[PDB]
Amino acid sequence: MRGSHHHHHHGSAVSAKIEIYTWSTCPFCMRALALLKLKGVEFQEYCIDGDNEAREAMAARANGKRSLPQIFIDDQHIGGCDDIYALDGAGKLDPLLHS
């Protein structure tokens, strides 16, 4: 195991689970994607263009909301584009991404 390794009872290596549901061409989705990309974090985008079934799966997790985008971090519903930008402006987004 050659390398410079961090030990703190981590056990199996896991990380933040970051999810965003989008339409690719929605300007609010595009703005939220830009913010996540600028943070440099690894994240999963559920691009659901034209997919009603996926929108209903999204709504089932997002308090019935079908507005876009919808963002989850470690399985918690964060909200939409305005919500993530508001958190960042308050200095509260970085801690949630783990930093």
# chains A, B, ... in the order shown; residues from 1 in each chain; ligands from 1
>>> residues_around(residues="residue 42 of chain A", least_positions_apart="2", cutoff="12 Å", atoms="only C-alpha atoms", output="MDAnalysis selection string")
chainID A and resid 15:20 33 36:40 44:45 73 97:98
>>> write_last_selection(atoms="N, CA and C atoms", output="tab-separated table (two decimals), in the first residue's frame")
chain	number	residue	atom	x	y	z
A	15	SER	N	-17.69	8.99	0.14
A	15	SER	CA	-17.68	10.45	-0.01
A	15	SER	C	-19.09	11.01	-0.16
A	16	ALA	N	-19.19	12.33	-0.26
A	16	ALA	CA	-20.47	13.01	-0.40
A	16	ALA	C	-21.20	12.49	-1.63
A	17	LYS	N	-22.49	12.26	-1.46
A	17	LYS	CA	-23.39	11.89	-2.54
A	17	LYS	C	-24.14	13.16	-2.96
A	18	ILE	N	-23.82	13.68	-4.14
A	18	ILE	CA	-24.39	14.92	-4.64
A	18	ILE	C	-25.17	14.63	-5.91
A	19	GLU	N	-26.45	14.98	-5.92
A	19	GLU	CA	-27.36	14.68	-7.02
A	19	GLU	C	-28.08	15.93	-7.47
A	20	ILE	N	-28.18	16.10	-8.78
A	20	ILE	CA	-28.99	17.18	-9.32
A	20	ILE	C	-29.82	16.69	-10.50
A	33	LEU	N	-25.75	23.93	-12.27
A	33	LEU	CA	-24.64	23.10	-12.74
A	33	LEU	C	-23.34	23.87	-12.75
A	36	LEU	N	-21.91	23.97	-9.15
A	36	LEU	CA	-21.36	22.69	-8.74
A	36	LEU	C	-20.04	22.41	-9.43
A	37	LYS	N	-19.97	22.71	-10.72
A	37	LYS	CA	-18.75	22.52	-11.48
A	37	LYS	C	-17.65	23.44	-10.94
A	38	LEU	N	-17.96	24.68	-10.60
A	38	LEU	CA	-16.94	25.60	-10.12
A	38	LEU	C	-16.40	25.18	-8.75
A	39	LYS	N	-17.22	24.51	-7.94
A	39	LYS	CA	-16.73	23.94	-6.68
A	39	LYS	C	-15.75	22.76	-6.88
A	40	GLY	N	-15.80	22.09	-8.03
A	40	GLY	CA	-14.84	21.03	-8.31
A	40	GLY	C	-15.22	19.69	-7.72
A	44	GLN	N	-23.50	13.69	-9.52
A	44	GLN	CA	-24.30	12.94	-10.49
A	44	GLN	C	-25.45	13.83	-10.96
A	45	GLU	N	-25.57	13.98	-12.27
A	45	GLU	CA	-26.66	14.75	-12.85
A	45	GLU	C	-27.66	13.78	-13.48
A	73	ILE	N	-28.00	16.47	-1.30
A	73	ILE	CA	-26.65	16.22	-0.79
A	73	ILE	C	-26.78	15.27	0.39
A	97	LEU	N	-20.79	20.18	1.30
A	97	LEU	CA	-20.14	19.39	0.25
A	97	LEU	C	-19.05	18.60	0.91
A	98	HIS	N	-18.92	18.88	2.21
A	98	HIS	CA	-17.90	18.35	3.11
A	98	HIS	C	-16.77	19.38	3.22
>>> select_by_dssp(residues="chain A", states="strand (DSSP E or B)", output="PyMOL selection string")
chain A and resi 18-22+44-47+70-73+76-79
>>> write_last_selection(atoms="N, CA, C and O atoms", output="compact mmCIF listing (two decimals), in the first residue's frame")
# COMPACT_ATOMS: atom_id res chain seq x y z
N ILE A 18 -23.82 13.68 -4.14
CA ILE A 18 -24.39 14.92 -4.64
C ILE A 18 -25.17 14.63 -5.91
O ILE A 18 -24.62 14.07 -6.86
N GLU A 19 -26.45 14.98 -5.92
CA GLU A 19 -27.36 14.68 -7.02
C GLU A 19 -28.08 15.93 -7.47
O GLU A 19 -28.54 16.72 -6.63
N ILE A 20 -28.18 16.10 -8.78
CA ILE A 20 -28.99 17.18 -9.32
C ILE A 20 -29.82 16.69 -10.50
O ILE A 20 -29.28 16.08 -11.42
N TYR A 21 -31.13 16.91 -10.41
CA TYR A 21 -32.06 16.62 -11.49
C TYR A 21 -32.23 17.86 -12.37
O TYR A 21 -32.43 18.98 -11.87
N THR A 22 -32.15 17.67 -13.68
CA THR A 22 -32.13 18.80 -14.60
C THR A 22 -32.89 18.52 -15.89
O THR A 22 -33.15 17.37 -16.25
N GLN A 44 -23.50 13.69 -9.52
CA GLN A 44 -24.30 12.94 -10.49
C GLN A 44 -25.45 13.83 -10.96
O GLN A 44 -26.20 14.39 -10.15
N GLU A 45 -25.57 13.98 -12.27
CA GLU A 45 -26.66 14.75 -12.85
C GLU A 45 -27.66 13.78 -13.48
O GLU A 45 -27.31 12.97 -14.33
N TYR A 46 -28.91 13.90 -13.05
CA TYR A 46 -29.99 13.13 -13.65
C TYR A 46 -30.63 14.07 -14.68
O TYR A 46 -31.47 14.88 -14.34
N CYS A 47 -30.15 14.00 -15.91
CA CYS A 47 -30.75 14.79 -16.95
C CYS A 47 -31.98 14.08 -17.48
O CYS A 47 -31.89 13.00 -18.08
N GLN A 70 -33.63 20.13 -9.02
CA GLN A 70 -33.73 19.71 -7.61
C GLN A 70 -32.40 19.07 -7.22
O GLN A 70 -31.87 18.23 -7.94
N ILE A 71 -31.88 19.50 -6.08
CA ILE A 71 -30.57 19.11 -5.61
C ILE A 71 -30.67 18.41 -4.27
O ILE A 71 -31.39 18.84 -3.40
N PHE A 72 -29.90 17.32 -4.16
CA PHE A 72 -29.78 16.52 -2.94
C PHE A 72 -28.30 16.37 -2.58
O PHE A 72 -27.48 16.13 -3.45
N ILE A 73 -28.00 16.47 -1.30
CA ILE A 73 -26.65 16.22 -0.79
C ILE A 73 -26.78 15.27 0.39
O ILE A 73 -27.51 15.56 1.33
N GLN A 76 -30.24 14.44 1.57
CA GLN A 76 -31.10 15.53 2.01
C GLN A 76 -31.48 16.44 0.85
O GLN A 76 -30.62 16.86 0.07
N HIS A 77 -32.76 16.76 0.73
CA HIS A 77 -33.23 17.70 -0.26
C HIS A 77 -32.79 19.11 0.09
O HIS A 77 -33.18 19.66 1.11
N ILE A 78 -31.96 19.69 -0.76
CA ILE A 78 -31.46 21.06 -0.57
C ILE A 78 -32.39 22.09 -1.23
O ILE A 78 -32.58 23.19 -0.71
N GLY A 79 -32.99 21.71 -2.35
CA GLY A 79 -33.87 22.62 -3.05
C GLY A 79 -33.42 22.84 -4.47
O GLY A 79 -32.87 21.94 -5.11
>>> select_by_dssp(residues="chain A", states="alpha helix (DSSP H)", output="number ranges by chain")
A: 27-39, 52-61, 81-89, 93-96
>>> atom_distance(atom1="atom CA of residue 23 of chain A", atom2="atom CA of residue 41 of chain A")
20.1 Å
>>> atom_distance(atom1="atom CA of residue 29 of chain A", atom2="atom CA of residue 49 of chain A")
11.5 Å
>>> closest_residue(among="A:87, A:57, A:34, A:81", to="residue 69 of chain A", atoms="only C-alpha atoms")
A:81
>>> atom_distance(atom1="atom CA of residue 91 of chain A", atom2="atom CA of residue 43 of chain A")
19.9 Å
